[PDB]
Number of protein chains: 2
Amino acid sequence: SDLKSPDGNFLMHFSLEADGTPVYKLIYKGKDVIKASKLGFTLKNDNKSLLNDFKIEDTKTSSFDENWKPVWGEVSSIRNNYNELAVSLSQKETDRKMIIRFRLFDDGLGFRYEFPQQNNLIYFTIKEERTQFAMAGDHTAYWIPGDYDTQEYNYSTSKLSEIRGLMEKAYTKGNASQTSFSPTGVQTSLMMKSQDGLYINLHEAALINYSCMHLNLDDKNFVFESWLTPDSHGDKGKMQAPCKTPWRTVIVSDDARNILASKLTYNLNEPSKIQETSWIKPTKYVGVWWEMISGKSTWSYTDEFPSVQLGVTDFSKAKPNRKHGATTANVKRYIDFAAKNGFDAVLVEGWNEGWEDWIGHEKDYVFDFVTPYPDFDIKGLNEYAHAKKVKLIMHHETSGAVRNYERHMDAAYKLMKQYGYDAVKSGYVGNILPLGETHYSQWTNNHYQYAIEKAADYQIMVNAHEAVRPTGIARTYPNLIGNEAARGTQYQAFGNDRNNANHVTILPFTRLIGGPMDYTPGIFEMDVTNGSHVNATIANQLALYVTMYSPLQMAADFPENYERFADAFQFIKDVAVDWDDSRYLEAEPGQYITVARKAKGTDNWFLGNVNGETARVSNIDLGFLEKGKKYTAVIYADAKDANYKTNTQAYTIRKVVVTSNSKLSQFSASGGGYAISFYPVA
Amino acid sequence: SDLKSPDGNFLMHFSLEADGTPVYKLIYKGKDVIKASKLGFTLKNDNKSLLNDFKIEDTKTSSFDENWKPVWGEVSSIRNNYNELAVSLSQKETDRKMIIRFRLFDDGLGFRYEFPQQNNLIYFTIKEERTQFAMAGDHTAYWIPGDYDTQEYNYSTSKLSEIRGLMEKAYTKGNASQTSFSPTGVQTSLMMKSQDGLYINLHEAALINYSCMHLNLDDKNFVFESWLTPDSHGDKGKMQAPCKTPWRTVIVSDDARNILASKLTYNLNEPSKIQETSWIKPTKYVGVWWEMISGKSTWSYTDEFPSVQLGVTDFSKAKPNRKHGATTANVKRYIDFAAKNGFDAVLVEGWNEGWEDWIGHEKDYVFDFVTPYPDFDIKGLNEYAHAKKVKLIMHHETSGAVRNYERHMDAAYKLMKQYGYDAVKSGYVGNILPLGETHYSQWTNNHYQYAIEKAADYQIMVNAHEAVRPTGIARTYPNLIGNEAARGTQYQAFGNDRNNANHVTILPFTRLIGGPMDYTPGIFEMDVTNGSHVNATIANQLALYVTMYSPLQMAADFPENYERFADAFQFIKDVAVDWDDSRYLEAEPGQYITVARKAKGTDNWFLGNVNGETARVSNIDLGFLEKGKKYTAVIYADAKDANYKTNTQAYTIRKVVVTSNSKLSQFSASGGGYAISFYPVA
Ligand SMILES: OC[C@H]1O[C@H](OC[C@H]2O[C@H](O[C@H]3[C@H](O)[C@@H](O)[C@H](O)O[C@@H]3CO)[C@H](O)[C@@H](O)[C@@H]2O)[C@H](O)[C@@H](O)[C@@H]1O
Ligand SMILES: OC[C@H]1O[C@H](OC[C@H]2O[C@H](O[C@H]3[C@H](O)[C@@H](O)[C@H](O)O[C@@H]3CO)[C@H](O)[C@@H](O)[C@@H]2O)[C@H](O)[C@@H](O)[C@@H]1O
Ligand SMILES: [Ca+2]
Ligand SMILES: [Ca+2]
Ligand SMILES: [Mg+2]
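As a convention, residue numbering begins from 1 on each chain and follows the written sequence, not necessarily the numbering found in the entry; residues with no coordinates do not appear. To read the labels, note that chains go from A and ligands from 1, taken in the order they are written. Derived side-chain values reflect all non-hydrogen atoms in the structure, with water molecules and hydrogen atoms excluded from consideration.

This entry, as listed in the PDB, derives from X-ray crystallography and reports a resolution of 2.34 Å.

Colleague: I'd like to hear about the overall build of chain A, residue by residue, with values.
Modeller: Counting from the N terminus, the helices are the DSSP runs of H or I reaching at least four residues and the strands are the DSSP runs of E reaching at least two. Scanning chain A from N- to C-terminus turns up eleven helices and 36 strands. For 682 residues, the compact-globule formula gives about 26 Å, and the C-alpha radius of gyration of chain A, at 25 Å, lands near that figure. Each of the three principal axes of chain A carries a C-alpha extent, and together these read 70 × 70 × 50 Å. Partly exposed residues are those whose accessible area sits between 20% and 50% of the maximum for their type, while under 20% is buried and over 50% is exposed, using a 1.4 Å probe and protein chains only. When burial is assessed residue by residue, chain A has 66% of its 682 residues classed as buried. Pairs of residues are marked as contacts when any of their non-hydrogen atoms sit within 4.5 Å. Pairs at least 24 apart in sequence give 71% of the contacts found in chain A among residues at least 6 apart. Calculation of accessible area relied on Shrake-Rupley with a 1.4 Å probe; when residues are assessed, cover is drawn exclusively from the protein chains displayed. About 23400 Å² of surface is accessible on chain A, with carbon and sulfur atoms providing 47% of the total. Charged residues are defined here as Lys and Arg on the positive side and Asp and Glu on the negative side; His and the ends of the chain fall outside this count. Charge positions are represented by NZ for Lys, CZ for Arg, CG for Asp and CD for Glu. Put simply, chain A has 74 plus and 82 minus side-chain charges, and the middle of one group is 3 Å from the middle of the other. Taken over C-alpha atoms, the radius of gyration is set against a globule rule of 2.2 Å times the number of residues to the power 0.38.

Colleague: Which residues make up the pattern of salt bridges, and what are the values?
Modeller: All names here are of chain A. Any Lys or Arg side-chain nitrogen located within 4 Å of an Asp or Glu carboxyl oxygen qualifies as a salt bridge. In total, this model carries 75 salt bridges over all chains according to the counting rule given. When the shortest N-O distance is used, the salt bridge between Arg597 and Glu74 registers 3.0 Å. You can see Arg597 sitting in strand 30 (residues 592–599) and its partner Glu74 sitting in the loop between strand 6 (54–68) and strand 7 (78–91), a full 523 residues away along the chain. By the burial criterion, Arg597 is buried, and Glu74 matches it. Where salt bridges share partners, they join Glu84, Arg101, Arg103, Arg112 and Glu114 into one cluster.

Colleague: Before we move on, could you go through the nonpolar core and cite the residues and values that matter?
Modeller: To define a nonpolar core, start from buried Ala, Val, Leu, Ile, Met, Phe, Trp, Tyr and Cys residues and group those joined through side-chain atoms within 4.5 Å. Core analysis: the largest hydrophobic core is formed by 206 residues, its most contacted members being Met12, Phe102, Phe133, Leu202, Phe224, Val250 and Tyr413 of chain A. When residues in this core are grouped by element, the largest group, eight residues, is from helix 7 (residues 402–419) of chain A. The split of the chain into domains comes from an automatic or database domain assignment. Residues from two domains meet in this core; each of domain 1 (2–267) and domain 2 (488–513 + 523–550 + 578–682) of chain A gives at least three. Sequence-distant contacts of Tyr413 of chain A, defined by excluding residues within four places in its chain, comprise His396, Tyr405, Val424, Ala451, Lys454, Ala455, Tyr458, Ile460 and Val462 of chain A. Counting 204 residues, the second largest nonpolar core, distinct from the first, contains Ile34, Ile78, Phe222 and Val366 of chain B.

Colleague: Outline the site of ligand 1, listing residues and values.
Modeller: Residues and elements named next belong to chain A. Distances are taken per atom, and a residue is near a molecule or strand as soon as one of its heavy atoms is within 4 Å of it. Taken together, 20 residues form the shell around ligand 1, and within it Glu152, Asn175, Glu349, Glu397 and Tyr491 come nearest. Under the rule applied, a polar contact is a pair of N or O atoms within 3.5 Å (in protein, one hydrogen donor and one hydrogen acceptor; residues adjacent in sequence only if both atoms are side-chain atoms). Within the side chain of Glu152, an N or O atom sits 2.8 Å from an oxygen atom of ligand 1. Protein coverage of the free-state accessible area of ligand 1, which is 660 Å², stands at 84%.

Colleague: Tell me about the coordination of the calcium ion (ligand 3), and name the residues and values.
Modeller: Residues and elements named next belong to chain A. Surrounding the calcium ion (ligand 3) are the protein donor atoms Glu152 (OE), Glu466 (OE), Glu484 (OE) and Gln490 (OE1), which sit 2.2 to 2.5 Å from the metal. Metal donors: N, O and S atoms at distances within 2.8 Å, or within 3.2 Å for Na, K and Ca, with water omitted from the atom set so that some sites may seem incomplete. Irregular is the label for any site that misses the other tests, which are tetrahedral for four donors with all angles between 85 and 135 degrees, and square planar for four donors or octahedral for six when opposite donors exceed 155 degrees and the remaining angles lie between 65 and 115. Considering all six donor atoms around the calcium ion (ligand 3), the spread of angles at the metal, 75 to 173°, places the coordination shape in the octahedral class. The motif formed by the donor residues of the calcium ion (ligand 3), counted along the single chain, is E-x313-E-x17-E-x5-Q. Taken together, the residues span a long stretch of sequence, with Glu152 in the loop between strand 12 (140–143) and strand 13 (156–159) and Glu466 in the loop between strand 26 (461–464) and strand 27 (480–483) at a distance of 314 residues. The same class applies to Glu152 and to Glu466, which are both buried.

Colleague: Quick one: what's the story with the site of ligand 2, residue by residue and with numbers?
Modeller: Residue and element names in this part refer to chain B. Around ligand 2, 21 residues are found, and the nearest of them are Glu152, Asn175, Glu349, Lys425 and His465. In this structure, an oxygen atom belonging to ligand 2 sits 2.9 Å away from a side-chain N or O atom of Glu397. For ligand 2, an oxygen atom lies 3.0 Å from a polar atom in the side chain of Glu466. Split into classes, the residues belonging to the shell around ligand 2 amount to ten nonpolar, five polar and six charged. We call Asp, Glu, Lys and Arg charged. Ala, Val, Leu, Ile, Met, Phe, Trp, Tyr, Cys and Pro are nonpolar, and the rest, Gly among them, are polar.

Structure representation (C-alpha cells):
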C-alpha cells in the first residue's frame, strides 16, 4: 500500500479504483506532486488489455543501500539508497500477472512493470502504454516537441496550458528526419517548476528492449500520459513474458540544484557488465569538424559525379573538389595542435568514401566504414598521432542505413583496433531505412544497444549522434561515453535562431538526465564562415567544460581561433574531464547554473557558471575548498559590456588567492558565464 | 528496329507509339507470340513517369557465341548464342535516359532496362513496373497464385479466361506467411501452351538489387503486366542510376522438350565470380528431417515451458520431451546409413537451442545458430561423421528474423568451418521481421543475395527454403546449390490435398526455370505418422532423381523404410547427381516428362519418367546411348495395378541388355513413373 523515501520526505500511495484500475500518487513534504495517476497497457488484438480488473495478489517491501564507483562521473562514489514496494497484480477473467515495482529514493520515485513467466500471457504486443502523471497544477515546463526522429529543438519555457498554443512555433522544420505525433506531445526528460516552488522531472531509466517514452499532455486536467514510439509497423512493443519495462522516474526537490546532483537514473540501471574498465578513458579532443559544420569545408572529396557507388566510383581518379576537410595535411595540423595543448584525441569526419551522398538520399549502401578517401593516409596519420601520444576518434556516420552499418560493423571495429582507434562517434542522420522505421522505436533502440555491446567486446567507446536520448545505460555499459541526442553547438552554425541564449541552462535539467552529451563547446569565433552567429560569450564557452558534464569534451573551434585568444584558452587546456566530487552552487532552469568539481586524483577544482537571457550577479560560497589551504583562483569572466549578440569576445582574467572561507561575486552577461581554476598554493 | 534469333525463327519488332510509348512484339515461325506490348515504369512522386514521350536516340546491334563450363549442371558445356539490340531512349521535358537491351536466342527473348549515368535522374523510386506481355489468345496456363511471401501452392491448369474463376480455390490458406495481391495475379516462372501448339514461358533472370516480378493478367485482352513485390513501405524499387533491371524472358518452342533443355536463363546471368570451384560439391544426402515434417518427432527439445529465451532458459536442466529428433543416438543412425550406402551427407534440423518457439511467434532473437541442444554432441557427431567419410549439412532456420540471422551469420559460418560443415540449408518461415516486410521485396532479396556472397567467401554452399524463387544467379554464384521456393515433398505430409499427382510434371516447366529445387524425393512409405498420404508411387519417387534436376538430392525417408525395400533403393544409391549430358525424350506440362542423363565423368546413364493423372504407356527412343555398345539396363517400374492413391508400393525390377537400336516401352501409373540405370557391359 504505502511507500516512503529513506528520509521520510516522500510518500507514494498505491491503490485500485473501484473498477480494478491501478493508480499511484506521490506526495513530497505533504504536498501533492503526482496526483492519482493510472497505470497499465492497451494491448493490440486482445480480448481485454491491461487497464483494469486487477486485484492485489501480494506485496513485498524491502530496502537497499550500497555505494558503487562509476568508471567516470561527477563523483568517485555514488549512493544507491531506496525503499522498494513490489505489488503483484492478478487480472480477473485472464488470471494474468503483472508486478509493479516502485523504488522511492530521497531524490524521488521510480517504477516499472514486470510480467513474470505465466501461462496466459506469452507473446503480446503493446498498442499503448497507459502510464500517467497527473500534475497538481498549471506548472511551468521546459520542453521540446514530441518527436519519433529528432530531439534537435530549442526548448520552450511555458505553462502547461500554453503548450498547445506554442506547438506551431516550437516545432521547427528543415530537419532531415523529424516526425510529430500530437499538438500537446513533448519529450522526456521533461523539466517542470510548480507555482509553489517544486522542481519536478519526468523521465525513464534503463531503456532496453522497449520503445522510447514520450509524454502526451491532456491540457485540460494536466495529466501527462506515456506515449511510446511506433515502429515500422505502427507497434509500440513486441513483448515476450517474462519481460519488464524501463523505469519511469519522477525526480523532485524544492531546491533546483538537487535535480542536477541526482543519480537516481543511473541508480535504476543494472551494475557495470564490463569487468575490466581501465581502457575506458575520459577524453578531451579537437577535430576536423566545425570546418564542415560552419561552411568552410566539405565532407565530400569530389563533385565530379551525380551520385557515387562504392566499389564502382574510382575516387583515386576523380577530380578533387579542393574543399575537402579531412586531408592528411589538415588532419596533421589538428594533431600538432592537440599534442601541443595536452589534448587526448582528434575527431576526423569525412575520412571515408561515400560522403558525396551522405544526406537526404535515403541510400542503403552509403558507406563501407573502412575505405579512406585518396587524400587521407589512414596509416600515416594514425602512426603520426600515436607518435605524438594522441589518438584519432573514428567517425561512423550511418545516414540512417542501420542494416548497412550492422553488416559492416565487425570489419569497421576491427579496422579501429588495427590502427589504435579506441573510440567511435556514430551517426544516424536522415530517415531510418527502410523508410517507415523511426529513430526511437524498440527496433531501432535495439540497434543502438547492439552497437554499444559489440563495441564493448572490442574495447571500444561509443558516442552516438541522433540516437535515442540516454536513460542511464552507461552504468551498465560505461563505454557509452556520449550521445548528442539533443540540440548541440552545431545548431549555432545553422542560422535561423541557432541556440537560445539560455539553452545550456536547460539541457542539464532535461537531456543530461540519463547521461552525458557531446555538446562540442569551446567556440571563440562566434561569427562563422557561412554567416551564422553563435549565441554565446567566450566566458560562456569556457564554463561549459564544467556546466555541461561529459567524460567527452570537445574544443570545437579551429586552432587559429584558439591562437587568437591564447590567454582564455588556458582554461580549456587546464580543465579536467573526470571528477571525484561535484557541487552545484546555483541553479534555476532556463536562467543559470553554477557548479564546482574536483579533478579526479587531484586537489584542483574547476568551476563554471552559465547564464541566460538576463544579465546577473552570481554569489557563491567557496567552502567546498579544503579547510586550511590557500588556493590560486584564476577567474575567466565576461567583461561588463559583454553580450552574446554583439560583443561576444570581451572577457577578463584575474588572479586572486582564496581559502575555504572566501565568498565570490561575479557578473555574468546575457548568454555569458564564468570559469575558475583553483590550484592549491605551493 | 528489328531483331532476329541466330536461326531465323524469331523476329522481335521494337517501336514507339505516336505518344512516345515504347513497345515490342515477338514472332516465332511467323506466329505472334508476344503481341504489341508496352514497356516502362510508373515512378513514385513523379508527374510524368517513364511511360511515354520518348524518342530513339541510338540503336546498337551485336552478336555473341561462346560456350562456358558450369560447375554443376545438366551438361558439361553450355552454349551462349544471341543477337543483341540496344535501344537508347531520351524522354522529352525530363532529358531522362533509358536503354532497353534485347537479346534474342534460338530458345527465345530476353530484355531489360538500363539507366546510364545521367544528369536528371539519380535516386528514384519505382511505384510499378509497366512491362507487358500481350498473349495472342486464351492460352492454357500452368500457374500458382501471385504472392509476396510463399510459392508453396499446387499448380492449376486452366485457360487464361478461367483464372479469375479459379483464384478463390487455388489460393489455399493455412500458411505461416502468405499475401495475395490480385484476383488475376500469378507467379513466374509461368508456363503456357497456345491452342495452336506453342509452349510459352514467361520469367525473369538475374534478380538482383530489385523486387521480384509477378504477373497480373488483364483477362479481357489477355495481357500480362509486370507486378513487383512491395517492400515494408509499399515501394517497388529504390533505384540509383546507373542501375539496371533483371532480364524479362519469353522462352518459346513448338516442342515442349526444348523449354526444359533451355539455358537461356543461366545465359542471361553474369559468369561465375567464384574463381576456384572444386569445393562446391553435388551432394546426395539423408537427414533427420522427415521425422519432424511427418509428425513423428519434434524439432524442439523440451515441452516444459510456455516460451523460451536464449541465454536465460537452461536447457541442460529442462525436462526432455523424448520426441526430439536431433539426438546424438538418432543422428548416428542416419550417419551409419549414409556411410553404408555411399551418401555424402546428413542434414540435421533441430540441433540448436530455440526450436520451442520457431513458428508463428514473430520472434526476433529466435536462434543463435551456434548453441547445440544438450542431447546433440556437435563435436562427437562431426568427428564421427568425418571418420565415416560423411559430412553434416548445417541447418539455419531464421523464422523470418533476418536482422537476427545477419548479426549471427559470421559466427555461424565460422562454426561451420570449425566442425567441417561445408553446406547450409537456410529457412525463412513466417512473416519477415519487422512485420510489414515481404519475402520477395528488393530489401529481402538483398538479404538472400548477401547470405550467398558471404557464404561464398567462407566456401560454403547454400540451399535456401522460403527464399525468392531462383532466376539463374547460380551461374554467377554456383555455391547456391538449391532453393525450395515452391511446393515441395513436405506438403505430401501436410494433409489437405498434399501435392497433385502431376505436380512434378509442372515444376520443371515453371519453378526449375532459374535453378534447381531441393524437392526432397525418395519416399517409400507414403502413409506417414500423422495420417497424411503422399500422392506418388515408389517408381515415381525413384524417377525424381532424374526428372527433378538438382546438384542436391535428398533421400527423404527413414533408413528403416529404405532397408525394407532394399531392392528398389538400389536406384537411389546408384544414381548420379551431376551430368555431362541430358536429353529430354518426352515432355508435356502437367502430363509427363521423360529424360535421360549421362553421369559426369562416366559412360553411365540414368533415365526417369514421371507421369500425371492419366496412366500411360511410354515409348522410349534409346538413341542417346553410344552406338554399337551393349548396356545392362535395370528398369524400376510401376506394377500394372500401381496407383498414387490406393497402391503406392507396387513396383517391379527387371534387368535387360540394350543397345542404341533398342526401343522399349513402359507403363506408368497414375502419379507414377519409372527409373532406369544404364551401365555399359564389361
Ligand atoms: O556525421 C556528420 C554530422 O552529422 C550530425 O549532424 C548532421 C545534421 O545535419 C542536418 O542538419 C541541418 C539542420 O537541421 C537544418 O536546420 C540546417 O538548416 O541545415 C543543416 C545541415 O544539413 C540534419 O537535418 C540533422 O538532423 C543532423 O543532425 C552530427 O550531429 C554532426 O556533429 C556531424 O558532424
Ligand atoms: O526449417 C523448418 C522447415 O521449414 C520449411 O518448411 C516449414 C513450413 O512450415 C509451415 O508449413 C505448414 C503448412 O503451411 C500447413 O499447410 C500445414 O498444415 O502445417 C505446416 C506446419 O504448420 C509453414 O506454414 C510454411 O510456410 C513453411 O514452408 C522447410 O521447407 C522445411 O524443409 C524445414 O524442415
Ligand atoms: Ca545532430
Ligand atoms: Ca517450406
Ligand atoms: Mg568579429
